[PDB]
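Enquirer: One structure follows; several queries about it will come next.
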Amino acid sequence: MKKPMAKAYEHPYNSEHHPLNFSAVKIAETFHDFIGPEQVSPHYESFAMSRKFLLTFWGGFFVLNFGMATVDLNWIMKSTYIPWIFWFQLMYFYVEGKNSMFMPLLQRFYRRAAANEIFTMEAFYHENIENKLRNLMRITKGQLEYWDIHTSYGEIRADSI
Amino acid sequence: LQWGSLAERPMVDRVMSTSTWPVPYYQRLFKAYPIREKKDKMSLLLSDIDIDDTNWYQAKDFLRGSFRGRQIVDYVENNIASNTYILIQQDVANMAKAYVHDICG
Amino acid sequence: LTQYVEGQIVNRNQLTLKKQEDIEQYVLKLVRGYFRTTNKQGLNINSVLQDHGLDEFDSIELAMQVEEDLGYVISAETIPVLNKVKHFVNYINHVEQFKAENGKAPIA
Amino acid sequence: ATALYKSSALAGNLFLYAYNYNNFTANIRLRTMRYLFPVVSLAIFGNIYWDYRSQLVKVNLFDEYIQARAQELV
Amino acid sequence: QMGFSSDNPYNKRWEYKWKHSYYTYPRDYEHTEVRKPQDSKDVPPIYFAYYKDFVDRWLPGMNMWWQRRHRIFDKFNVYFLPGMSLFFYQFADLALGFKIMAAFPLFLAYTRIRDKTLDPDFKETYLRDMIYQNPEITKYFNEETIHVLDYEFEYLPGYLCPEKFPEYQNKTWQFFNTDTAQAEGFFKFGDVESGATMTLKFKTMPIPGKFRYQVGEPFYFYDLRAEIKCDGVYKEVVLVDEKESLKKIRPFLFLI
Amino acid sequence: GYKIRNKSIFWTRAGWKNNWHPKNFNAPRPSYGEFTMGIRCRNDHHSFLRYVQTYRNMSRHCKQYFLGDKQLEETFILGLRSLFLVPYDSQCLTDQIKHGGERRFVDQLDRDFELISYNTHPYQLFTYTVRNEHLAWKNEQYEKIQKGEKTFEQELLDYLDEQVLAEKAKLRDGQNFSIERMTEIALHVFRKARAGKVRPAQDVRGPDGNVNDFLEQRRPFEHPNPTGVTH
Ligand SMILES: CCCCCCCCCCCCCCCCCC(=O)OC[C@H](COP(=O)([O-])OCC(O)COP(=O)([O-])OC[C@@H](COC(=O)CCCCCCCCCCCCCCCCC)OC(=O)CCCCCCCCCCCCCCCCC)OC(=O)CCCCCCCCCCCCCCCCC
Ligand SMILES: CCCCCCCCCCCCCCCCCC(=O)OC[C@H](COP(=O)([O-])OCC(O)COP(=O)([O-])OC[C@@H](COC(=O)CCCCCCCCCCCCCCCCC)OC(=O)CCCCCCCCCCCCCCCCC)OC(=O)CCCCCCCCCCCCCCCCC
Ligand SMILES: CCCCCCCCCCCCCCCCCC(=O)OC[C@H](COP(=O)([O-])OCC(O)COP(=O)([O-])OC[C@@H](COC(=O)CCCCCCCCCCCCCCCCC)OC(=O)CCCCCCCCCCCCCCCCC)OC(=O)CCCCCCCCCCCCCCCCC
Ligand SMILES: CCCCCCCCCCCCCCCCCC(=O)OC[C@H](COP(=O)([O-])OCC(O)COP(=O)([O-])OC[C@@H](COC(=O)CCCCCCCCCCCCCCCCC)OC(=O)CCCCCCCCCCCCCCCCC)OC(=O)CCCCCCCCCCCCCCCCC
Ligand SMILES: CCCCCCCCCCCCCCCCCC(=O)OC[C@H](COP(=O)([O-])OCC[N+](C)(C)C)OC(=O)CCCCCCCCCCCCCCCCC
Ligand SMILES: Nc1ncnc2c1ncn2[C@@H]1O[C@H](COP(=O)(O)OP(=O)(O)OP(=O)(O)O)[C@@H](O)[C@H]1O
Ligand SMILES: [Mg+2]
């Protein structure tokens, strides 16, 4: 065995923690390091459903806390009336009215349907790629049939003489 | 070095676990990936690529590791009239005619 | 003048052919040394590079090797016309004749 | 307090460059940041020190006047 | 001679024509051989992109103007246009129209300098179409086996012989032009298939065509000669003879 | 597995699977010499020679950091050709691209070479990383051979060679030891050898033959869960 090379080139400005070039993959790793891994719960019921009475207390505590702190809550309610009416009457059709009136506006639905089909393709990735290889394995085995014929030529020549 | 029993499978395949009541409600969303290391595993991109130049190039690399393989490589690259190293057999013309020239004796 | 060879710095040497018999031997050794060349012994002076598994891009790599061995500076306009062993021999002759007559290298 | 904060925010930019030195230096897509970071840093330092230096001169002009004017009135 | 020339070693006759999609310039000039990692300088110094644009775009553009500075030294560009600009510059504060009338002759001067200092570019596809129609050339040369050994094409300085071209002894034309707008050069060719070489010498001049004021062809080959050399055969092909060409057509005498 | 059912999936307003000339309103229209005064166009006939020079540049400027590795230079050439042969082999009719496919691909490769000249192209950094891991594994095999020791790859081959002899000594009715049978023998050894890397072989039980490894285990005291709560 020949002695291989000691090492290839080592870039002086590229590291695994500080990659030189940018992509969403490295941002994805730094993102999941930040939010941390999936917080797996070992319990048999969720935290919210087991503490509905207690969460109701603190929920109303902070409502009263804000209510006791906000002496002028009626001024905030009245100052919010006009924008509440305005933005809801203006955006009603584009949010909800389109579903039973003049136009459907199915742009957002088309993107869900495309993703649902892509989700299904990824679910059958193993089956689809395995069917593609079976055709390539069929072609590869068809080429290997020639070496099997030549190996027996010596036996044919021996018995022919 | 020890190899164990060829008839048996790894113990990971034989170990099992069963459930009971109560059962954890939590449904796993993703597989954990705490350390980004996937060494000694080949890329899954190398899946259904057709035959190409990398096949005869890597063949010579592995053949040249043996004595008989070194003879095949040197003979093919020198004494075979082919316009490509991507050898495809679609006929037995060169095979049959090479046999009739040898079986006469 | 020095280049890395398998991790070791080795001084590169240049050739000066100035003879028809030496140019043919160099080109054959050049083309046979290429890892994509098929039927290396069937290669002769009148051999089309296409018949030995070589395309337009392989002629660029061969022309690049001629610049390494002979010190030429071959323009991009000349490379695509080198498709036979005879073409490399005649081009090398034309470059030596040009420098022997004009005292300078051809335009690159 | 203002001069000390803005000095620390400028030092924070120097850390951001040092933390990302290899990208700012080798990646040519960040060449403009590499070339013009010191120009902006000098302009930022120039504003921090200018305000401090001008305030220092005015305080000294104020202190020397009230002392001189007070002795005249005495 | 090519006016636009950088330290790049390859493709000298195409340097001004090729429009690269580079954001900035390459770190090094095109290598002539495989180099070592320590031959080139990692992370080029700060303000490298600005330096490259000055030495690869600005500087060779000024060397082009300097090389052909003799074609812009006419009494129109030297005295009339700057003299007109100074007359209106004295009233630049009176109104806006004086600023425009003082800057227009400057922009007009730049355009004449910009066009006259460019490399003389003939329609090379017309030329190769002409030499490949000759049977004596196609016997030894073909487009698929021809290669360029040397190229030269430059304007002729001053006014020519005032017997072969009496057109240029015109005081009105000499006021705008200091040269004759004619060019001369050659082409060193070689054929890798036949082993033959030839020197394609040519002389060009602008001619009028089919219209009253517009030039027909700025580079018309009125003399085209080929000295073909082979193994033991030396042929001399005359595609366009000047004695027969100058009796039919005369130069154009560009103004402005 | 799963096939796209929409028969109009590859339909475009320009035809079936047309990704070379998408249909837009401002369509290309001809020009006439007699009627045209002036024109501003950037198209020329310089793309062919720019295609040749770009290859020479990208090939030579990358070999600068190969340290003379001959096998890496030949591997890079095969990879560089796959990048230049895209317009010649693609399903897309590259000769029918909207405004000249030759110019478009040439300008695309120039952007790649610009990054190559600075040794910052992601293909270059990927080649250095892949080659360093490969040479480290070849140097490991070389240092074990210089010591007279047997490599892990040689022990697999010798173990596979003896299993073939055992399986063919019992195969007398049939005499076709197909490549299918050889493969499943090697794959079964591979699965046990792969599981043996995480759990080495201590005794006759072999690689990953201990049931006690799969009993309840806990993190060591010096390496607790760093990212989340344990309870
Ligand atoms: C000095 C004295 C004062 C201090 C004293 C100390 C007091 C400290 C108080 C803290 C209390 C302990 C903290 C424990 C955790 C927080 C409490 C909790 O409920 O979390 C469990 C709950 C999930 O627990 P789980 O059951 O284990 O999860 C199982 C499934 O995975 C969950 O998902 P699933 O879909 O699979 O399962 C069903 C799911 C269905 O429920 C949901 O999934 C909720 C859907 C909402 C998500 C939709 C997207 C909207 C949010 C996007 C992100 C916004 C934030 C980021 C953007 C801005 C960046 C700043 O869960 C439920 O069944 C119902 C959930 C609970 C009832 C509804 C909760 C309403 C109030 C909580 C949210 C408060 C919002 C802000 C209001 C406060 C003003 C700031 O967490 C949440 O749902 C989100 C809340 C995250 C915490 C933020 C709020 C912290 C403080 C909350 C205090 C109590 C509420 C006070 C206000 C009440 C107003 C009405
Ligand atoms: C050229 C476009 C129109 C221009 C006219 C002016 C603008 C329209 C104003 C009135 C709107 C009514 C028509 C609904 C249009 C909905 C289109 C839509 O929203 O996109 C959905 C669409 C996908 O959602 P989709 O659910 O599949 O759409 C189907 C619809 O849901 C529904 O499915 P569909 O198949 O039935 O839709 C086909 C489309 C067919 O449209 C056409 O083919 C156009 C007609 C041919 C050309 C005629 C115009 C000729 C112009 C030249 C003459 C101008 C002279 C000016 C002076 C000369 C100047 C030199 O709509 C019609 O059928 C129109 C017939 C109207 C029925 C009238 C029946 C009687 C009603 C009586 C009561 C009326 C009460 C109305 C209350 C007030 C209005 C709310 O998104 C896109 O296509 C994105 C690309 C945008 C396309 C180009 C821009 C067109 C305008 C789109 C809005 C802005 C999008 C961009 C921003 C996106 C966010 C960043
Ligand atoms: C509710 C609590 C509220 C409390 C308030 C405080 C909240 C906490 C704040 C925490 C954030 C600040 C952290 C401060 C230090 C804390 C210790 C620590 O970092 O964690 C342990 C940390 C380990 O982190 P880990 O979480 O365990 O794991 C790291 C991961 O594995 C991955 O490793 P990795 O290295 O990639 O991770 C880096 C890691 C830690 O990386 C570090 O090494 C921390 C370096 C922080 C320096 C911040 C700028 C200071 C500039 C230096 C000034 C020196 C003046 C000296 C004057 C006299 C000398 C001439 O993360 C950071 O970089 C944190 C930086 C936070 C962003 C700051 C950017 C500010 C820009 C925006 C301006 C905002 C205005 C405020 C600016 C205030 C400036 C004073 O330990 C180390 O990193 C050891 C480092 C040993 C070598 C460093 C030798 C010194 C080199 C200094 C840089 C020189 C730059 C050029 C000079 C510029 C001025 C001329
Ligand atoms: C403290 C540190 C910083 C200090 C900074 C300040 C210092 C700056 C220093 C600047 C001075 C040195 C730079 C120039 C050195 C050149 C020396 C030399 O020997 O060159 C000879 C060299 C000849 O080379 P050669 O081929 O070896 O000669 C062979 C034979 O001798 C050739 O034989 P030939 O018979 O063919 O003769 C050829 C020759 C013929 O030469 C001549 O015959 C001389 C003609 C000059 C005419 C100038 C007046 C034009 C108007 C007269 C009109 C009078 C009639 C009408 C009167 C109406 C009154 C309203 O051609 C020329 O060289 C003339 C070229 C153009 C010159 C005229 C440029 C006009 C600019 C107008 C604005 C002036 C502002 C000045 C600043 C004052 C205010 C701040 O020519 C050159 O190298 C040309 C260089 C490039 C042209 C430079 C001219 C300036 C261009 C800049 C454009 C902007 C102008 C200013 C505009 C500002 C307001 C917008
Ligand atoms: C009166 C005192 C002097 C007045 C101030 C003069 C300032 C002139 C410089 C600032 C304006 C420059 C214009 C920028 C926009 C164009 C960029 C450009 O030039 O591209 C080059 C272009 C490059 O050509 P291109 O842009 O068409 O592209 C080349 C084609 N490819 C890409 C295919 C290769 O060339 C030219 O335009 C011709 C030369 C123009 C010369 C520019 C001005 C030089 C002036 C020299 C003054 C020297 C004395 C002063 C300094 C002395 C030392 C202190
Ligand atoms: N038929 C045309 N239609 C549209 N634009 C054109 C046309 N011909 C030229 N152009 C543009 O005008 C420029 C000059 O054309 P020109 O013929 O001088 O180029 P050239 O490279 O010198 O050709 P040649 O090699 O034959 O001499 C071209 O770069 C092009 O952008
Ligand atoms: Mg031209």
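In the structure tokens, the first chain shown is A, the next is B, and so on; residue numbers restart at 1 for each chain, and ligands run from 1 in the order shown.
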At a cut-off of 10 Å around ligand 1, and using only C-alpha atoms and all ligand atoms, what residues come up? Please write them as a list in words.
Expert: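 The residues near ligand 1 are residues 39, 40, 41, 43, 45, 46, 47, 48, 49, 50, 51, 52, 54, 55, 56, 57, 58, 59, 60, 61, 62, 63, 65 and 66 of chain A; 25, 26 and 27 of chain B.
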Enquirer: Quick one: which residues from chain C are at most 7 Å off chain F, using only C-alpha atoms, as number ranges by chain?
Expert: C: 4-7, 60, 76-77
Enquirer: Go ahead and save the residues from that selection, with C-alpha atoms, as a short mmCIF file (atom, residue, chain, number, x, y, z; two decimals), in the first residue's frame.
Expert:
```
data_model
loop_
_atom_site.label_atom_id
_atom_site.label_comp_id
_atom_site.auth_asym_id
_atom_site.auth_seq_id
_atom_site.Cartn_x
_atom_site.Cartn_y
_atom_site.Cartn_z
CA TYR C 4 3.45 20.75 -5.57
CA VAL C 5 3.61 17.09 -6.59
CA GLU C 6 1.82 14.74 -4.18
CA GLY C 7 2.40 17.21 -1.36
CA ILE C 60 -8.47 22.42 -22.97
CA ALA C 76 -8.64 30.70 -25.96
CA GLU C 77 -9.17 31.17 -29.71
#
```
Enquirer: My list of candidates is B:80, B:73, B:29, B:86. Which is closest to residue B:56 when distances are computed with only C-alpha atoms?
Expert: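 Using only C-alpha atoms, the shortest distance to residue B:56 belongs to B:86.
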Enquirer: Taking 3 positions as the minimum chain separation for residues in the same chain, which residues sit within 12 Å of residue A:12 when counting only C-alpha atoms? Answer as JSON, numbers by chain.
Expert: {"A": [9, 15, 16, 18, 19, 20], "D": [21, 22, 23, 25, 26], "E": [37, 42, 43], "F": [119, 120, 125, 128]}
Enquirer: Restricting the output to N, CA and C atoms, write the selected residues as a PDB file, in the first residue's frame.
Expert:
```pdb
ATOM      1  N   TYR A   9      -5.605  20.678   1.683  1.00  0.00           N
ATOM      2  CA  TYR A   9      -5.553  22.085   2.045  1.00  0.00           C
ATOM      3  C   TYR A   9      -6.526  22.367   3.180  1.00  0.00           C
ATOM      4  N   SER A  15     -14.518  27.570   9.395  1.00  0.00           N
ATOM      5  CA  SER A  15     -14.629  26.688  10.541  1.00  0.00           C
ATOM      6  C   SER A  15     -16.050  26.161  10.613  1.00  0.00           C
ATOM      7  N   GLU A  16     -16.239  25.146  11.450  1.00  0.00           N
ATOM      8  CA  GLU A  16     -17.554  24.533  11.564  1.00  0.00           C
ATOM      9  C   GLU A  16     -18.510  25.430  12.339  1.00  0.00           C
ATOM     10  N   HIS A  18     -18.012  28.849  12.669  1.00  0.00           N
ATOM     11  CA  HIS A  18     -18.098  30.080  11.891  1.00  0.00           C
ATOM     12  C   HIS A  18     -17.881  29.741  10.423  1.00  0.00           C
ATOM     13  N   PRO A  19     -18.885  29.183   9.755  1.00  0.00           N
ATOM     14  CA  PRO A  19     -18.731  28.876   8.333  1.00  0.00           C
ATOM     15  C   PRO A  19     -18.627  30.144   7.507  1.00  0.00           C
ATOM     16  N   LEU A  20     -17.764  30.101   6.497  1.00  0.00           N
ATOM     17  CA  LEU A  20     -17.509  31.291   5.697  1.00  0.00           C
ATOM     18  C   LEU A  20     -18.727  31.671   4.871  1.00  0.00           C
TER      19      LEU A  20
ATOM     20  N   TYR D  21     -15.083  37.851  12.108  1.00  0.00           N
ATOM     21  CA  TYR D  21     -13.925  38.350  11.375  1.00  0.00           C
ATOM     22  C   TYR D  21     -13.730  37.602  10.065  1.00  0.00           C
ATOM     23  N   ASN D  22     -13.828  36.275  10.105  1.00  0.00           N
ATOM     24  CA  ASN D  22     -13.515  35.470   8.932  1.00  0.00           C
ATOM     25  C   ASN D  22     -14.476  35.734   7.785  1.00  0.00           C
ATOM     26  N   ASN D  23     -15.737  36.024   8.086  1.00  0.00           N
ATOM     27  CA  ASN D  23     -16.698  36.312   7.032  1.00  0.00           C
ATOM     28  C   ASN D  23     -16.497  37.710   6.464  1.00  0.00           C
ATOM     29  N   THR D  25     -13.834  39.348   6.343  1.00  0.00           N
ATOM     30  CA  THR D  25     -12.527  39.461   5.712  1.00  0.00           C
ATOM     31  C   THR D  25     -12.417  38.671   4.417  1.00  0.00           C
ATOM     32  N   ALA D  26     -12.956  37.458   4.372  1.00  0.00           N
ATOM     33  CA  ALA D  26     -12.759  36.584   3.225  1.00  0.00           C
ATOM     34  C   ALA D  26     -13.941  36.566   2.270  1.00  0.00           C
TER      35      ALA D  26
ATOM     36  N   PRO E  37      -0.284  27.438  -3.158  1.00  0.00           N
ATOM     37  CA  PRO E  37      -1.165  28.235  -2.296  1.00  0.00           C
ATOM     38  C   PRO E  37      -0.488  29.455  -1.712  1.00  0.00           C
ATOM     39  N   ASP E  42      -3.721  35.335   0.333  1.00  0.00           N
ATOM     40  CA  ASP E  42      -5.032  35.129   0.925  1.00  0.00           C
ATOM     41  C   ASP E  42      -5.617  36.451   1.402  1.00  0.00           C
ATOM     42  N   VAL E  43      -6.941  36.536   1.356  1.00  0.00           N
ATOM     43  CA  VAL E  43      -7.695  37.713   1.784  1.00  0.00           C
ATOM     44  C   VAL E  43      -7.008  38.983   1.300  1.00  0.00           C
TER      45      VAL E  43
ATOM     46  N   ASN F 119     -10.796  31.618  -3.632  1.00  0.00           N
ATOM     47  CA  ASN F 119     -10.796  30.407  -2.813  1.00  0.00           C
ATOM     48  C   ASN F 119     -11.915  30.426  -1.776  1.00  0.00           C
ATOM     49  N   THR F 120     -13.069  30.969  -2.156  1.00  0.00           N
ATOM     50  CA  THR F 120     -14.218  31.039  -1.265  1.00  0.00           C
ATOM     51  C   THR F 120     -15.448  30.349  -1.835  1.00  0.00           C
ATOM     52  N   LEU F 125     -14.429  24.625  -0.646  1.00  0.00           N
ATOM     53  CA  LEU F 125     -14.385  24.317   0.776  1.00  0.00           C
ATOM     54  C   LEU F 125     -14.915  22.923   1.061  1.00  0.00           C
ATOM     55  N   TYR F 128     -12.060  20.415   0.156  1.00  0.00           N
ATOM     56  CA  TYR F 128     -11.005  20.348   1.160  1.00  0.00           C
ATOM     57  C   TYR F 128     -11.449  19.534   2.365  1.00  0.00           C
TER      58      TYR F 128
END
```
Enquirer: Which residues form the shell of 12 Å around ligand 4 when you count only C-alpha atoms and all ligand atoms, given as a PyMOL selection string?
Expert: chain E and resi 62-63+65-92+99+102-107+109-110+113+157-158+177-179
Enquirer: Could I get the residue neighbourhood of ligand 5 at 8 Å, counting only C-alpha atoms and all ligand atoms, as a count of residues only?
Expert: 18
Enquirer: Looking only at the backbone, which of the residues in stretch 31-158 of chain A does DSSP tag as alpha helix (DSSP H), as a PyMOL selection string?
Expert: chain A and resi 31-35+47-50+52-69+73-79+81-90+92-95+107-123+125-143+145-150+153-158
Enquirer: Got a sec: who's within 10 Å of stretch 33-37 of chain C, counting only C-alpha atoms, leaving out chain neighbours fewer than 5 positions off, as a list in words?
Expert: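 Contacts, in chain order: residues 53, 57, 77, 78, 82, 83, 84 and 85 of chain B; 27, 28, 43, 49, 50, 51, 52, 53, 54, 55, 58, 61, 62 and 65 of chain C; 74 and 78 of chain F.
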